[PDB]
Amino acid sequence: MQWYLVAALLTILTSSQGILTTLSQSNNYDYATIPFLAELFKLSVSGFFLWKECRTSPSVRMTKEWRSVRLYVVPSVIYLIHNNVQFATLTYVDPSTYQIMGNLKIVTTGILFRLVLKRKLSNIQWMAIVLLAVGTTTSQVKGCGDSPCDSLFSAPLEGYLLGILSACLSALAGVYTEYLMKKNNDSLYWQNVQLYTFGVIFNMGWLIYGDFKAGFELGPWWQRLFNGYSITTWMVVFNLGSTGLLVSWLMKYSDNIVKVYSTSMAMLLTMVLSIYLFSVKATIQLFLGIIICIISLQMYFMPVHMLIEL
């Protein structure tokens, strides 16, 4: 119920789906179908709570007018375009280069927060947003004697340009979602229901397109849907659903910058946990990135009188 508990919980669970994905990714299923099931989980859990809210509550705010309902399409259109850009990018860059260009969403959300959401940021705060992006990048940077030597700056221009466009779309999606939640006095569960309906539709249309690409002659998406699905596979479907509901909560009762701080701190926690479990070699880059990020946290969230005291 407090934004900082939800944000902390999102951090805990964003790193859970991180580890559970790799474990489940032990050589058996389709990660094309999970986002569909993950959306279906969110759509049906939101609908449940909407139903329960209508039967429990004297008044439930719900804008049924197509003027406002149709606007929940946009995020899905952005995310569709985003997925094409992501796929396009990876045909110029190795996934590590792509993973590290991903920290640009922190600055692009920053900018669109100001531009689209028209919200005010101090200079100290702007410097924190940048520090966060720099701090996360720092932890990811390829250390000495790393077998996949990514020759820096030596990737094709298309790669760099698309990586940048990817981050702008990623940010735009999140920032537009916040707009939708906060533009209405409506119920969180009704906003979710509309949002995640269009997501289900578009996820589904994607899989139908994929089947169209092979002339519908091969196996259809609905038949294949459950193939290889272990328990761990189902854990991440729920886990991806869970975190997605928290993101919506924060889109309503918080902001994108709290989101990207949660997401960023999850990525650091994952690396810290990977040392004890997957036994990954701890590096100075991890150490440094954490300190930058902890300080980036304080800068942005610390009350401005605490910044100035002894």
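The numbering used is simple: start at 1 and walk along the sequence shown.
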property: Greater mean Cα temperature factor according to the PDB record, 276 to 284 or 29 to 37; result: 276 to 284
property: Residue range whose averaged C-alpha B-factor is higher in the record, 143 to 151 or 80 to 88; result: 143 to 151
property: Candidate residues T177, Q191, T197, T232, the one whose C-alpha B factor the record puts highest; result: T232
property: Out of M271, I257, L50, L250, highest CA B-factor residue; result: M271
property: Lowest, middle or highest third - CA B-factor, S262; result: middle
property: Third of the chain's Cα B-factor distribution that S44 belongs to, per the entry; result: lowest
property: Third of the chain's Cα B-factor distribution that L245 belongs to, per the entry; result: lowest
property: Where the record places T11 (Cα B-factor, split into thirds across the chain); result: lowest
property: Chain-wide C-alpha B factor ranking for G163, given as lowest, middle or highest third; result: lowest
